[PDB]
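Start at 1 and go down the list; that is how both ligands and their atoms are numbered. Positions are given from 1 along the sequence. FYI, side chains are in, hydrogens and waters are out, and symmetry mates aren't considered; it's all heavy atoms of this structure.
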Amino acid sequence: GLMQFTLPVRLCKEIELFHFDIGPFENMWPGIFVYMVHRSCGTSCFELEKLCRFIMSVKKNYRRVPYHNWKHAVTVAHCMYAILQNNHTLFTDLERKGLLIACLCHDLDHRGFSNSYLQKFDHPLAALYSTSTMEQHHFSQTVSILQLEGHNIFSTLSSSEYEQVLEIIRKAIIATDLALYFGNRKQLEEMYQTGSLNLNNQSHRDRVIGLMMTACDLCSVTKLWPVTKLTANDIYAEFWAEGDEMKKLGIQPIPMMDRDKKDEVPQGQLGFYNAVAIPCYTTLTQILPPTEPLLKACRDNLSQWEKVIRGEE
Ligand SMILES: Cc1ccc(Nc2cc(C)ncn2)cc1
Ligand SMILES: [Mg+2]
Ligand SMILES: [Zn+2]
């Protein structure tokens, strides 16, 4: 109980900021995650031995793909930590517990392919889950790991608290399906603007947690430019491989996924910032003012992509 995780001074300070990069030392990422649980939740939220065994089973079930990997899981969990730490009184005990775990598990066993490619390939998972195919699989993998012996980190919860936290995790993980984000954000925009947004309404909380999950999942676009730019290479490495697999099925991929159309990447990033990222962080900042730094960083990176197009870099 008296065993705190501490980080080196530079990490201890920078981990509190939204734009923190977890670094290239894979063996420090479990300790970074536990440090965040302990400060975000409490040293008592989880049995350290069960938590450590849960983390290492989660790690083992992420694959060696360029982007949707163990580093992404921990990066997405850090963005949730930053949001929760800047919005101390807004979230229940169960939510803080559930949401950091949801973020760590949100892409479990990702193969580097979109829901679209699974459907066109006719992957078995596509027959098992018609919509949010990979996200229903990620939640399934999470429950599977929670049921390994010595891995049930929620064992101290009551029967009703247990069902509540697994429901928080399920909705949070499903919400990382970008196809569901567009309608969710529009509904939240309308509710904020007409003044009907009510955080005591459970349906409303669910929507706000969904937007937080999109915000954390996209948080590559809220880092300092050198991080954002290098992460884009990993993102497009997956997209281009999916494009190659589309061509093998006899289907011309969308230009975003076609490695023959790399020249179009700068303009594709503009579309993505304007259609997805900026709208996402704008609505989030309206609902949770202390997340403005995510919007500010996203805007700075849009301006950097505009400079790439103008040949200034
Ligand atoms: C499946 C998936 C969806 C969105 C992202 N984030 C992105 C996307 C793009 C186009 N540019 C930068 N970041 C990554 C993966
Ligand atoms: Mg995902
Ligand atoms: Zn993700």
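- When only non-hydrogen protein atoms are considered, atom 13 (N) of ligand 1 lies nearest to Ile235 CD1, 3.5 Å.
- At most 12 heavy atoms of other shown residues, nucleotides or ligands fall within 6.0 angstrom of atom CZ in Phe121.
- Residue, atom and distance of the protein heavy atom nearest to atom 3 (C) of ligand 1 are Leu178 CD2, 4.0 Å.
- Considering backbone and side-chain N/O of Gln269, one or more are found under 3.5 Å from N/O of ligand 1.
- For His78 and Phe20, the gap between ring centers is short of 6.0 Å.
- For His110, every N, O or S atom stays at 2.8 Å or more from the Zn ion (ligand 3).
- The residue from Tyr181, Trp305, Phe272 that puts a heavy atom closest to atom 8 (C) of ligand 1 is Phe272.
- With the Zn ion (ligand 3) as the vertex, OD2 of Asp107 and NE2 of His106 span 90° to the nearest 10°.
- Salt bridge absent: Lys120 and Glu245 never bring a charged side-chain N and a carboxylate O closer than 4.0 Å.
- The Zn ion (ligand 3) is closest to atom NE2 of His72 (considering only N, O or S atoms).
- Remark: aromatic rings of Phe154 and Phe46 are close, center separation under 6.0 Å.
- Looking at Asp107, its N, O or S atom nearest to the Mg ion (ligand 2) turns out to be OD1.
- A salt bridge is defined here as a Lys NZ or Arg NE, NH1 or NH2 lying under 4.0 Å from an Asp or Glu carboxylate O, and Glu26 with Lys71 fails to meet this definition.
- A salt bridge does not link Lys186 to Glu190: none of the charged nitrogens lies less than 4.0 Å from a carboxylate oxygen.
- In summary, the atoms of ligand 1 found under 4.0 Å from a heavy atom of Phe239, numbered by their order in the structure, are 10 (C), 15 (C).
- The atom name of the N/O/S atom in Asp217 closest to the Zn ion (ligand 3) is OD1.
- The aromatic rings of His72 and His68 lie perpendicular to each other, with more than 60° between the two planes, well past the 30° mark.
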